[PDB]
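Inspection log for the structure reproduced underneath, given as structure tokens.
Since every read-out is calculated from the coordinates, none of them should be taken as a lab result. FYI the Cβ positions are ideal-geometry reconstructions off the backbone, even for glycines, and counts take in every protein chain you see.
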Ligand SMILES: [Mg+2]
Ligand SMILES: [Mg+2]
Ligand SMILES: [Mg+2]
């Protein structure tokens, strides 16, 4: 099952008592069945309360989404700064080469961020450039020679090397006094920022797309947001009670990357007398699962479930269901055609299709 | 000759007394000389009078063109239906993930369709998802487990399997009564739909680009059509009497994919003391020939010829001729430069270039 | 150092007493670290005064820049001609499949053209199609058969072969009389064509971006020019006095291709737990690639002049790590600076403020 990505598929970049930064292996590492995802990578960050991820930039375009907790994300530009107070469901597009740092200002909640990255110099391959100098990594400033550094900073190398080069890793503890000072002018999201070119936006800013007693699905697309339109990506989040089933359906043109935030679930995927291929998998918290465009899929929540999804090639994507009383494509095919396509009669076919009176999310 | 594609290069996907679905091999299969066409595939469909292509969707963007006959192409959306009555020269873009079926409503004419496909999940590799259940293929619904299907459809698996799972292939016969019932409300093209975002358009909707006693060429480009602009593709159709010659010319930036509909022709292609490379081939009905951008080419009709062409990387493409009285690039080169580029004198060069008083199509 | 391209990396296509056409090898030939430049190729042209580059077209989109001298670039369309008088710093985008010829109208100056090419049929691979017939190459017209050519031109093959098929190479001498007649209606650039859809534009048409006693940098981006916008490319030219240093900085998202026009320089680049230190000494005509986000510094060993093609340019930012202007480090709060660097907040500020100059400083 090349579409299932569990912990063995992630790679740790930085880890200590305060935080864990890791990246998913290249989507096309194992199988070449996901070739059109070669330009993308998934980054995962988790940190304890009152912590700071040191300043750095990446040679990759970034789309950040907060799964759990609160974060003060501060973009450090060459002539100014932009800080944002981001909470669960907030997303922010950070251009490649933008220096930034992240603070978890909460006193009790851990922070969990997921980042969709799009490398610039090589397809799906990139590096993180930390300005800081720790035991886990040397500052990129150390790449320059002594004579160069002396001329640039116009000071003796013994001083530069003492002040700059001379912490355990890239995630460090920060005082409540410093957190309070670093959170002063942080801007947050609002229903107005839904269509902003630079400000953060929440995935639950509007009414959910699907919503009943068993589940809810919220979504932000390239249609309302300029940031997402340029990346041609949609973002969605789903909540399902234990025992609920996300009815059979397929995405018309979007390649969907699933990230399990909370809970467990069984997922069935269908690929292609010509036989169909049955891909099966049991998903756990933090697992990743890829749904190729056009492939029918089903998600069954084993416990209270919450997952997020990044939709690549998103523009005008359509969700077509094969069961249920709403958005059921089969119920749109005329009886004359249904009768020729299936063995049963036009009557048996319609009676069957009407059996399930609920839609989207049903009892498993 | 890596640019010539005869019948041995097509792959049969489905075939019986009523129809034949075939797909051309990957363009860069044999030679890596067509590397920039690896994202595209050509699909061919031919069916007898009064038949139906069963409902399915593809994980690939589709641009459909009718070469012969009539078709009732019905797009089945999750909330509704859209059916079109298409005749020769009509084209329609069908987005990936769109379920549809095709009917040949005519009583005597065979339908012939050509589709330019653009796979979503893998470069130039895709699959067809048929909802139907026949001897040639199982429904993709059979990919889900019994328990899942029971909960989804709220019915015992014995009923589902009986009505939905339980025809010889994907092409079947259809009564005239049913054809009549499925042909109601079908919308057709007209001079106005040339610039429609979703309606079909005819390649001969307007005056031909080139036209004389020996030939005609019609063309629709991204400049007037939004569907074509989004794909950055142009469509053209050519008619040439037996013994006519399509004068030497090259496409400035478009990579042109030719498909012979009727007739036969000899084609010469020129690639690159540095010597030129001569590519020769004799074309027959249904053959395909690729003309890389910038490569001089000539088409000589051995018999009454009719062919269609899909032009990739089409925006602002230009046809530059090297002979004839119209659009001859050589006649635009100042005599001072002509004399320095060619061994002959300025007078000898001007006299030679002027001998051919006809343009575009001349006697072979 | 896979980022350095010296004379050994170029390929001669045509050469004689009057001119020299060469093309840089595929960027991803030696290494795979430059995979996202695989669709690009750099073409170089140098010619003597009073010379003509014979008419031809290429199956590649072109972005032409004049580094030295003057040129009459004439685009020959199927229905007419477009002529342009190009001088130093002038640029013009020429669509794939456009026939054209180049004249060096000057009586004393050598012409130097650099061309960024984007091949159409194959990533980074293409060919030049010359109409001319010389000892170095046959006309692409010879690719057709006698019977086709006879029907096409409506003339016996003996005449066609005599008049067209039958000069040593594709660069030839041309009289001053012919040059004056061939320059009759050439349009030139001006501050008014900086953002032109079809006309040539000059890199120094407006005030430089950075400018002090030691150096200068001019730049034209997709934001102002439509031709550059469609290619998502920016063009810049730099002038540095001997002993000057282009302060440490990095391009946020643009992959920059450097071309040395005059002078020499030492360049330091840093990649990525230890950092990788790429070093190189640059000479005239050398090429050097600077990946996006990679800190870099340029030290002029002698009076220096170089041009740069910036790929993936839209909204590119230049972030410096030293100096009194556009310094990213000076924008990092002291609470954070103090946590990322071992020195104290006071020691970090004093250090960052020591350099009162910006962009270009004393090496
Ligand atoms: Mg504390
Ligand atoms: Mg019948
Ligand atoms: Mg002379």
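To the nearest 0.05, how large is the calculated FRET efficiency for residue A:230 and residue B:363 if R₀ is 60 Å and r is the Cβ-Cβ distance?
0.65
Between residue C:185 and residue A:326, how many nm apart are label points set 7 Å from Cα along the C-beta direction?
Here the answer is 6.6 nm between the modelled labels.
List A:348, C:286 from most exposed to least, where exposure is judged by having the fewest other Cβ atoms within 10 Å.
So the ranking, lowest neighbour count to highest, is A:348, C:286.
Quick one: C:41, B:180, fewest Cβ neighbours within 10 Å first, how do they rank?
Result, fewest neighbours first: B:180, C:41.
Compute the distance in nm between two label points, each set 7 Å from the Cα along the Cα-to-Cβ direction, one at residue C:147 and one at residue C:303.
That separation, rounded to one decimal, is 6.6 nm.
Please list log₁₀ I(q)/I(0) at q = 0.09, 0.11 Å⁻¹ for chain A, using the Debye equation with identical point scatterers on the alpha-carbon positions.
The Debye formula, applied to the Cα set alone, gives -0.57, -0.81.
Assign one of three labels to segment B:124-224, namely rounded, prolate or oblate, based on the Cα gyration tensor with a ≥ b ≥ c the square roots of its eigenvalues; rounded applies when a/c is under 1.5, prolate when it is not and a/b is larger than b/c, and oblate otherwise.
It comes out prolate by the Cα gyration axes.
Under 20 Å from a point placed 7 Å out from the Cα of residue C:87 along the Cα-to-Cβ direction: which residues of segment C:182-205 have their backbone N that close?
C:182-196, C:199-205
Would you mind estimating how fast segment B:190-364 diffuses translationally, via Stokes-Einstein at 25 °C and 0.890 mPa s with the Kirkwood radius over Cα pairs, in µm²/s?
The diffusion coefficient I find is 141 µm²/s.
Could you bin all the Cα-Cα distances of segment B:1-189 into 5 Å bins starting at 0 and give me the percent of pairs in each, rounded to whole numbers?
Histogram of Cα-Cα distances, whole percents per bin: 1, 7, 14, 18, 19, 16, 11, 8, 4, 1, 0, 0.
Where does chain A land at 222 nm, in deg cm²/dmol rounded to the nearest 500, when only DSSP H runs of n ≥ 4 count, each adding -39500 (n - 2.57), divided by all residues?
Computed ellipticity for chain A at 222 nm equals -3000 deg cm²/dmol.
Going by C-beta contacts inside 10 Å, put B:74, B:193, A:302 in order with the fewest on the left.
Going from sparsest to densest Cβ surroundings: A:302, B:193, B:74.
Pull out a ≥ b ≥ c, the square roots of the eigenvalues of the alpha-carbon gyration tensor of segment C:252-300, then state rounded if a/c is under 1.5, prolate if not and a/b is larger than b/c, and oblate in the remaining case.
Oblate.
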